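*Asks:* Below: one structure in structure tokens.
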Amino acid sequence: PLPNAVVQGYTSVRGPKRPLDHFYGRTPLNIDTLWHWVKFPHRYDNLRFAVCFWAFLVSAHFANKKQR
Amino acid sequence: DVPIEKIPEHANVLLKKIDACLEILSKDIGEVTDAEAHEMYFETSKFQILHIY
Ligand SMILES: CCCCCCCCCCCCO[C@@H]1O[C@H](CO)[C@@H](O[C@H]2O[C@H](CO)[C@@H](O)[C@H](O)[C@H]2O)[C@H](O)[C@H]1O
Ligand SMILES: COCCOCCOCCOc1ccc(C(C)(C)CC(C)(C)C)cc1
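These protein sequence lines are chains n and H, in that order.
Per the entry's author numbering, the very first residue in the first sequence carries number 2; after that it's consecutive.
Per the entry's author numbering, the very first residue in the second sequence carries number 107; after that it's consecutive.
Rendered as structure tokens:
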């Protein structure tokens, strides 16, 4: 279906690929290495519960007053 | 203006230079072993990682 050149990636000679840099002494920085810096929110979860309650309540209050 | 006895001095100079070069170029960087570089080799395993202690 396809010639061997397309599969192996070269017609005659296999060219050397420059390897990937590492940046010794620190973590890799890639699109997939970002969870090292940004975990899921874990610090303000209970504050999230409180603020969700208060937001619901205040919205309901002002909406009911407006409607009435 | 260059006698033939002065040639091996020049050859010695250039030998010193190229030896100072090759003692550095003889060194090469080995394979990386930092786990942070290879953590995705284990993340992508066909089974979840067992933290066994
Ligand atoms: C089957 C019925 C008949 C139809 C046959 C033709 C079907 C063609 C559709 C499938 C195409 C797949 O296309 C595929 O593309 C990749 C790109 O990642 C090529 O990949 C090639 O190039 C990359 C870089 O670009 C090289 O590093 C690699 O070594 C080499 O394989 C594959 O050689 C080719 O096979
Ligand atoms: C809207 O999205 C914003 C996109 O921009 C992201 C901004 O990123 C800048 C982050 O700045 C830093 C720099 C260093 C760090 C350190 C190295 C201090 C974090 C550490 C110690 C956890 C590794 C954290 C954040």
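We put the beta carbon where it would ideally sit given N, CA and C, even for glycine.
Could you have a look at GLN9 of chain n and say whether DSSP puts it in helix, strand or coil?
*Replies:* Counting from one through the first sequence, the residue named residue 9 of chain n turns up at place 8. Correct three-state label for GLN9 of chain n: helix.
*Asks:* Given 6 Å as the limit, tell me if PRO20 of chain n has its C-beta closer than that to any heavy atom belonging to ligand 1.
*Replies:* Translated into the one-based positions of the first sequence, residue 20 of chain n becomes position 19. No, Cβ of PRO20 of chain n sits at least 6 Å from all heavy atoms of ligand 1.
*Asks:* Would you identify the three-state DSSP class for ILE130 of chain H, choosing helix, strand or coil?
*Replies:* Reading the second sequence from its first residue, position 24 is the one you call residue 130 of chain H. Note: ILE130 of chain H maps to helix in three-state DSSP.
*Asks:* Can a CB atom of chain H be found closer than 7 Å to the CB of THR28 of chain n?
*Replies:* Residue mapping note: residue 28 of chain n aligns to position 27 of the first sequence, counting from 1. Chain H contact via Cβ: present.
*Asks:* Using three-state DSSP, classify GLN68 of chain n as helix, strand or coil.
*Replies:* As a working note, residue 68 of chain n is residue 67 in the first sequence. In the structure shown, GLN68 of chain n sits in a helix (DSSP, three-state: H, G or I).
*Asks:* Return no unless some Cβ of chain n is closer than 7 Å to the Cβ of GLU137 of chain H.
*Replies:* Numbered from 1 along the second sequence, position 31 holds the residue referred to as residue 137 of chain H. No, no contact with chain n.
*Asks:* Going by C-alpha distance, which of n:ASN5, n:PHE54, n:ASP22, n:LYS40 is nearest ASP140 of chain H?
*Replies:* Numbered from 1 along the second sequence, position 34 holds the residue referred to as residue 140 of chain H. Residue n:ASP22 is the option with its Cα nearest to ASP140 of chain H.
*Asks:* Whose Cβ in chain n lies nearer than 8 Å to the Cβ of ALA143 of chain H?
*Replies:* Counted from its first residue, the second sequence places residue 143 of chain H at position 37. Residues of chain n passing the Cβ test: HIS23, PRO29.
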